[PDB]
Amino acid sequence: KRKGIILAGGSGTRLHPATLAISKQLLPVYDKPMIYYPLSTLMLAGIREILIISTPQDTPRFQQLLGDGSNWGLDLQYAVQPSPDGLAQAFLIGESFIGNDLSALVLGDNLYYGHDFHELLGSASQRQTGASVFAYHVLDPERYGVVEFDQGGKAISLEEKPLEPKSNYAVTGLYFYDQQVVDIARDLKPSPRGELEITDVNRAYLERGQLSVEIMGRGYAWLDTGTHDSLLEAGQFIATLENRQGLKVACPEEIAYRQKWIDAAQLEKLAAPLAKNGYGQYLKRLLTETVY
């Protein structure tokens, strides 16, 4: 049993004044709220019990939007990150929710799309020791945690936001950990940047010969919705796909329904209140069409 964490906190300024009226993870990406994406990512990994971490001001809202998750067959819980001192704090804030289980952490503004994405998730989720992360070739690695490989395809280092990247592979914001993470996190010291870095956690596993780094090929799409532009590009990306397929990307109800975490009846209940619009209309159509 792995548990999941969505870290959806974070500093508004960049987005201000657009986010003067809402946290970033509540803005829509095309037709549904941002947080549905990463949420639906953990769901496709088979994770049902998930803790959502946000700012004090934003928690109640997330809560107002997702509830406890029982309607989607999930078990959701919440917690607060008073101040943005590093993603790695997630493990401290979430220490008691994790207990002695396996876990996974996904950042609230990461958005993933692609064929067999669940088999890919599956490999990592099913591992029971060490940590796994993913690597994705990008144009501006400098903006991310960067991982270097040797000629044998083996990972040999990680640097966070380097001025001189040793490769073009970035480590995305989806991480799988075993039971050693909490403790590892407990010994970190704030970076100069003054944060507790997930990169440092990852490196720790690396220094022990226990970091697994799988490639996410160029056939997948990994987008981050952190700037006005990117938000827009992602919004257009989904809309292109959705309109072409007549299917939705990252619709939690559908995924729950497909994993048998809720049944045809629950699904109908979910749709009723949304019937006046396409979303509900979509949910309804799902009960009468096989989708492979």
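Residue positions are given as counts along the sequence shown, with the first one as 1. Just so we're on the same page, rigid core means the largest C-alpha set that superposes within 1.5 Å between forms.
Greater average departure of CA atoms from the shown form, over structures and residues in 8 other deposited structures of this protein after a core fit, characterises 189-197 among 189-197 and 141-149. Once the rigid core is used to overlay the structures in 8 other deposited structures of this protein, the stretch among 42-50 and 220-228 whose CA atoms lie farther from this form is 220-228. Stretches 47-55 and 262-270 differ in mean C-alpha B factor, with the higher average recorded for 262-270. When the two stretches 211-219 and 154-162 are set side by side, the higher mean Cα temperature factor goes to 154-162. Across the options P38, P28, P60, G246, the residue with the most elevated CA B-factor in the record is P60. You'll see in the entry that, of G73, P190, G108, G145, the Cα B factor peaks at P190. Sort the chain's modelled residues by C-alpha temperature factor and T227 lands in the middle third, per the entry.
Sort the chain's modelled residues by C-alpha temperature factor and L102 lands in the middle third, per the entry. Split the chain's modelled residues into thirds by C-alpha temperature factor. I184 is in the middle one.
Compared with the other modelled residues of the chain, the Cα B-factor recorded for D85 ranks in the highest third. The entry lists a Cα temperature factor for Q77 that places it in the middle third of the chain's modelled residues.
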